[PDB]
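For reference, the structure is listed below as structure tokens.
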Amino acid sequence: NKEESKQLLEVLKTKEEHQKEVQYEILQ
Amino acid sequence: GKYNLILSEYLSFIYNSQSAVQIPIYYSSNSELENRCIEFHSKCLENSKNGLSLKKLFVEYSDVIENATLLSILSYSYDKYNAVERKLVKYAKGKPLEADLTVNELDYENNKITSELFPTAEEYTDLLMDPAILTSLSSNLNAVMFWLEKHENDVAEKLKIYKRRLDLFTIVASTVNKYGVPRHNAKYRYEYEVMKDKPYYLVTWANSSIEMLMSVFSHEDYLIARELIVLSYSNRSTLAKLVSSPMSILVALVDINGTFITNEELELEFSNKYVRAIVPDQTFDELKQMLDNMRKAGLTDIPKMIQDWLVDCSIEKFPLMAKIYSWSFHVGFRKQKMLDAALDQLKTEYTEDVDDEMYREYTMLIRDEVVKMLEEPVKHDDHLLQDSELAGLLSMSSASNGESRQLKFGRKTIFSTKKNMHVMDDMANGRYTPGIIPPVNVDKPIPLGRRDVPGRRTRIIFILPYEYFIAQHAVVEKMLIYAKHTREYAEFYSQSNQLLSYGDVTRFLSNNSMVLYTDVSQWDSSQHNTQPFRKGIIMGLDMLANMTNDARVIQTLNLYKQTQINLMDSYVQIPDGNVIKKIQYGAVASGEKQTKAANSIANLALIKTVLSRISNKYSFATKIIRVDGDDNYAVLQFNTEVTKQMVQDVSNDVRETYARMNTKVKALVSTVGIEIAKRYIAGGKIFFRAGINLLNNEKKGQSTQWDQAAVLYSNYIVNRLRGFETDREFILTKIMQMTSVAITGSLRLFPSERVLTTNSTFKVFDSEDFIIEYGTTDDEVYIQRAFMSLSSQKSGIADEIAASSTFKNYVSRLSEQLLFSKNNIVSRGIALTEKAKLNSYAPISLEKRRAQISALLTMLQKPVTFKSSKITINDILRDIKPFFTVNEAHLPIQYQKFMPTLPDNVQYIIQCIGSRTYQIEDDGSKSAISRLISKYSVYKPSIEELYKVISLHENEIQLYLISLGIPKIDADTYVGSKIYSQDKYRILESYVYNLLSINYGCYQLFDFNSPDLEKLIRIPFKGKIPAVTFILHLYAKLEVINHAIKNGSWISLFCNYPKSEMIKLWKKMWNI
Amino acid sequence: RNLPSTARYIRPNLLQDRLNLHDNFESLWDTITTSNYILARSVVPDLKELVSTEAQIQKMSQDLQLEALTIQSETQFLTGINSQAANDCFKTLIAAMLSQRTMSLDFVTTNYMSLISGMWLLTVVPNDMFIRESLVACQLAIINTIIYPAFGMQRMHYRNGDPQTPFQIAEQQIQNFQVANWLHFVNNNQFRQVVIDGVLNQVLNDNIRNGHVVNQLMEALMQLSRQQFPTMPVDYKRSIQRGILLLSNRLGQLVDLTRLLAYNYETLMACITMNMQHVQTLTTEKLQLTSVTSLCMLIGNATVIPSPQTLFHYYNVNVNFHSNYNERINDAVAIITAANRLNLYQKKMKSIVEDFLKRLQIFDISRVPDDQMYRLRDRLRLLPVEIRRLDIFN
Amino acid sequence: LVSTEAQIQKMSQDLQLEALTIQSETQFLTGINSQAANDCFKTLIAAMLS
Amino acid sequence: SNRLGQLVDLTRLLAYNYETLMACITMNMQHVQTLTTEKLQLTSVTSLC
Amino acid sequence: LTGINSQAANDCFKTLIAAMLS
Amino acid sequence: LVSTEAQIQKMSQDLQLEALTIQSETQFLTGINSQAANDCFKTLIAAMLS
RNA sequence: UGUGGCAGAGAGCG
RNA sequence: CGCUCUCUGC
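Residue numbers (the deposited numbering), protein chains in the order written: chain A, 72 to 99; chain B, 2 to 1073; chain C, 297 to 690; chain D, 346 to 395; chain E, 544 to 592; chain F, 374 to 395; chain G, 346 to 395.
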């Protein structure tokens, strides 16, 4: 169970990236 | 015309005996055929009453079988006790189920044996699991088994339904057969002596499980049902509350692609706007913990469906969530105890660490809002403030529940809780004293009532005296009638539809703005609804008192103020065995005239006060805030584009800025969606909560076996439109079993479709769902004329109460507060109006309705009566119909779906014509005369009375107006103008406008002002008869729509209506 | 934020159409124009604030004495007054002129207010922007029942296949100054082509923008009120003259509407990278004239400005589409030129073009033929290769 | 053809009838239907030929 | 008057179809008053117009 | 004839004078 | 050869048969199939040779 | 004869 | 506008 659960936690991070956030993050 | 076949099969299945015989009774509006029906009846009874075979005559009288209309079927069958098991053993070959007592927090909320919790029957109570419905579990099981039996030979997808429901019903019947079936008494209760050796919560589990398994059409439905039915047998406190909670986060994950909007002027207007879903990261961790609780409780398949759905976050698979969100509330109620249910609310944490900068602004905003509400009437010296006492005494709701009391009307004793009857009692004995407000203290604490609703807590209800209402009435009525011209309240956003209650989730949404939405239902015991709230209103009253010069108004305002003073310290009667507890609760709840608007005010002030702290860290322009009592959402727009971190930080700031006021909250921020108790939007598409238990109720009403079938059908229709679909045949089976009546132990009668589906006071359902039906034939006319003759009935209890001294005294005392020159025109009128709310008293309604049913049965048994010409609606429709002409048409698809959970035919209509462009005809007695009386008085004389009064001379009319406080000059002007002939015509126009048949559940949503529907309705214009052409166009629209619903295809129409029939119909228009 | 000189950024390739898909690639241009239209619909503002509907309709039913209960009876001056069409027209006009998509009209002749609000439509919007048969029918109808009956002229004798539209051949017949100059404006209303910031643009007249066309319209309509209708009875004239007084009373709001459309149109035009050509199309967009009448009758003191974020969103979308378009063009041109210079004779240059159309995420390759692909290839042969690819090939 | 019903809508919105009058214009609407226009169109040509 | 062009169309159509079905005639066609007549309701003309 | 009642005559008579004095 | 349906879907919109009052709204696009193209290709050559 | 409401809107009875 | 039912914020 929990291996697949942690991968489920992970795939909702890489996905749905906003553009302003990565801009300010590259600067920061 | 199919119900009756299922009725025949049900009768054949349930009784099955040689002794079980079946006896139709028919009717026809045609003399000859009717006399042949009488004959048929006679000969059938005789033959039955002579031990002769009945099967021989059934061929001979074929004419009755072809042209006559059925009423009912009788049944002579003996006791045959215990037949449920004798049928049920076969459908119970699986293994029964074991509870798990260590799941729920409490002890008695586990589904353990009754005797382990209630050894004595004197301390037994079925109220913690009462289904509260006059139909038995055995009835439900019989219906299920009959359905299963008839669907025993089909081979299709239907068979996949049969296998699924058979496995579920096996699980259920295995659980019941382990012990047996409880047997109902005459009252449909279940006594101690049957439940003594069985689980306490087996019945509700059974009923709820039947309701769920009867709503299974797919594999995922089967998964949900097996996964809830097996856990709802033990878990009864952390199931609907659990699974219904994550949904509030899920709505913040659905990208909008296509939208519906609403104007300030309240009109839908679609938009192709796309909006992303800027969800923060930590709410996913919250959601995972919620799923961890979900799995920890014992749920395996339904976390799997919610986790694998997030891989795509698509909106096509999303209704499943909504479906799941409705499968949680069809498990039953958590009917716990009065004590522990109050103590769910009566836990308080009041602290000397909050701000003072917050409470002072809060108090002020409440003050300012009150002044905005009350500036105009307090200043212009309105009659309703002057005469607040009389206003409250007329508007006494006669279910109001203040303080059960022993009465006596002549030679009886009554234990009424109704405040109108209490007032009648107190007027006589000199105790009526509305200026002296009673305290609420140690010497007189308050009772309680219990509001249950699944998936949430049991909420509490104050049960106050009758002085508080009288004080609060006038001011709260002006508050409501003001603020429904104004934003921020449900009174402004409410008639039926989308374009209403919300109507601005979806204007101010894009990738610049966000929306913070928040449930505030626990905020009744909070530290910000105590002292500052009351003192703010008190301060506003001081300002308003100094903003007027008349004295009755100052008295009313000072009484409302003193009410808030006394309510600031308030104790609460709750027994527990022998001793009585009274708890300090100096805060707000319902059971008051004030609670809705005042809670809305306080939440508005609170959110306005909080929102001036986010400004210390963000730049935004507040576009909209909305408050409807215990919920709230605010949209806000930024100088830039939105990010994940700003939503997260805003949410944390909201949580902590409420924490600074000692206020708990689950802060929820999003971009596309919200969640509140009754509804929510995702991807620019409105869904709804379908959580209305059918086979289990909240409380015990007062209605009959009959009307509960109608309520159950209404709830079925609602839940079906909402999304939760139950098998209609089951519903019809329940309707026949609930309209079945026992004339003896062995005689039983069963009505037919043509008695239950006819527009009357006995209507239960409709022959085709989502369509009220009218009558073009002779036969509906015949029985409608018959039943309208019978609706008017008497109540001897009401007759003797209205003939006592207190009722006469009450009318006189109401009278004497006004002028003293009318005695046979209004005193009878006020008595006749009070009669309309004496019927709330249950024995009056029961006497009348049992009498009404007896009158029905004494013409169901024997043949029928012509009823002597009394005109109704179907008489008119019979004459309008034969000058129509149909032709096949073809409308295209050009309108957007925004209510996906609807059936595809209703949606097809929405997908071919528009959703609502809303209209108004009258906002209540608008025409000429009641808006004068409502300016100089509050009295609401019935339009019957006005239709008579205007027909009288202009002298006693003048006396009558002067008697209502009006001067002589305006009466003189009214008589000189010659408006009485006009208000005859306006009143009769209002009579035709009383036809409420536009809003039953499917006509609720359709746009009849459409151009596409209209180009089909080719009715030429004549003029100078507006009512007729109005109703003709309307009725033609209803024809087209009903054909569309029931058959899908479209049609046009044409009515070259002759002028002769316009005039012949015109006199029946403005009557009845 | 201040950005350092250590930073960098990449520029898109915003080189205009090397292919001229508005020259006989109509099946692709229909899809492209539809795509840009539907994109523009998602950023045109919703008419957030209005004047009411029930009260406005009551003013219509208290001015026009079709009474009582003409709420439900709906054939004359009415039947499409709602919000749900006014927004459609507001959205459609702007999105069509931006995407340059022709729009056809589905109306009824019994409804004369639709004919009246079509005047405002055919003035504020050019006539070469519509499709021919629809506005021919509408102009013909207007002429036959508002204009020529206002001077005792004959109805008309119009011919189906006539090179000129009725307003042109009517401009010279009737002798009234107001209507003549109004019709002159209408007939000679057209777009103004102009290249700005590199991109061609179809711009309005600069008289429509600062709304004064509506004053010529009001002049004409007031004149027609002042005439008599000798050929026709009193009730008909009464109905018509009330129908146009109902527009006279909404004059200033119409002017404001015109200025607002022009402003939002140019504001959204600003966020365009690909030149916007004026060419008729296969598929159209329906426009009920009741959806103009609604807009012209449900409107007032409520301005709507596109948010900057909608503009930035729309601009970045168009940039990305244009950059993808040019880059994939350069890919295809590189492989074609290289294949032709390496003597590859067995190689069928189709799958490359199929890939080219697949990477443009708007087409349906299931229903596009080989001939369009080969013509597109024939055009792609004649394009210079970009510097990178050319140097790598040499 | 134009349908009978839409033509009657146009004619009735033109004529502006009165349901409380003995008018000299309801009799215009007698027999406007198709299957008669066909009959007349057929009869004229058939009779002039024969 | 609001069916002007349509009546022109109708007239051209009647004349054409008449003289075309006249081309398919072989026996010379005489102008004579016959015994019995064909009824003709002008409502059936109105309809056509 | 819409709203030719008393209680507004008084309201206007009172409102005008009290405004012009205040 | 070229896919049949690919040509049908585009011809339907290049000619726009969903806007005309004609008696051939589903009859222009009949006989476009293979089993007729190659049949014609055989018929032509065979007739010119023979 | 033993008792569970305030107001909003939608139906059914006056 | 007076009462029962549907849910609604309670």
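Heads up, the beta-carbon is just placed ideally off N, CA and C, and yes, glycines get one too.
In the assembly as shown, C:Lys654 is an exposed residue. Its beta-carbon has fewer than 16 other beta-carbons within 10 Å. With respect to B:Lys849, B:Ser796 sits close: the two C-beta atoms are nearer than 7 Å. For A:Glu81, the closest of B:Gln308, B:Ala21 and B:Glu1015 by C-alpha to C-alpha distance is B:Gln308. Annotation: B:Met422 to B:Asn530 spans about 33 Å, alpha carbon to alpha carbon. Around the beta carbon of B:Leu542, 16 or more other beta carbons sit within 10 angstroms, so the residue counts as buried.
Here the alpha carbon of B:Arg917 sits roughly 6 Å from the alpha carbon of B:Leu1006.
With fewer than 16 other Cβ atoms inside 10 Å of its own Cβ, B:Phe59 counts as exposed.
No Cβ of chain B is located within less than 7 Å of the beta carbon of F:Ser395. Among the bridge pairs identified by DSSP, B:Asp577 is matched with B:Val580. At least one CB atom of chain B sits nearer than 7 Å to the CB of C:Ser379. When secondary structure is reduced to three states using DSSP, B:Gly450 falls in the strand class. Taking 8 Å as the upper bound for CB-CB distance, C:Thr371 and D:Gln358 are in contact here, some 6 Å apart.
Restricted to the segment 375-459 of chain C, the alpha helix (DSSP H) segments that are unbroken, complete and at least 4 residues in length are 379-395, 408-420 and 428-438, listed in chain order. Inter-residue distance for B:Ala635 and B:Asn956 is about 58 Å (C-alpha atoms, whole angstroms).
Counting the other CB atoms within 10 Å of its CB gives F:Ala391 a total below 16, which places it among the exposed residues. Look at B:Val441 here: in three-state DSSP terms it is coil, with no helix or strand label. Taking the C-beta atoms as reference points, B:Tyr234 is found no nearer than 7 Å to B:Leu135. Put simply, the segment 556-571 of chain E does not touch the segment 905-921 of chain B. Fewer than three CB pairs are less than 8 Å apart. For B:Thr70, the enclosing beta strand (DSSP E) stretches over residues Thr70 to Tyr77.
With respect to chain D, the C-beta atom of B:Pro378 has no partner C-beta closer than 7 Å. Rounded to whole angstroms, the gap between the alpha carbons of E:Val551 and C:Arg451 is 14 Å.
In this structure, B:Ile447 lies near B:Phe463, with their beta-carbon atoms less than 7 Å apart. Selection B:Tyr79, B:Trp206, B:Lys94 and B:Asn105 evaluated against B:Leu695 yields B:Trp206 as nearest (Cα-Cα).
Interface residue (Cβ-Cβ distance to chain B less than 7 Å): D:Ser369 is not classified as such. Rounded to whole angstroms, the gap between the alpha carbons of B:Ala69 and B:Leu713 is 30 Å. The continuous beta strand (DSSP E) containing B:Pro25 extends over residues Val22 to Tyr28. Taking C-alpha positions only, B:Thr740 is separated from B:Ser73 by approximately 11 Å.
If you compare the alpha carbons of B:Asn513, B:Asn840, B:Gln920 and B:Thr1030 with that of B:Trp1067, the shortest gap goes to B:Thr1030. Looking at the backbone, the Cα of B:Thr171 and that of B:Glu35 are separated by about 49 Å. Within its own chain, the residues whose Cβ lies closer than 7 Å to the Cβ of B:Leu347, once the five positions on either side in sequence are excluded, are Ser526, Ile584 and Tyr586, listed in chain order. Scanning chain D for C-beta atoms nearer than 9 Å to the C-beta of C:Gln584 yields nothing, as the closest lies near 17 Å away. Per the Cβ contact rule, the segment 930-942 of chain B is not in contact with the segment 393-407 of chain C (fewer than 3 Cβ pairs under 8 Å). Judged by pairs of C-beta atoms under 8 Å, the segment 964-977 of chain B touches the segment 376-387 of chain F, as three or more such pairs exist.
The beta carbon of B:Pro247 sits closer than 6 Å to the beta carbons of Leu288 and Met291 from its chain, once the five residues preceding and following it are set aside; these are given in chain order.
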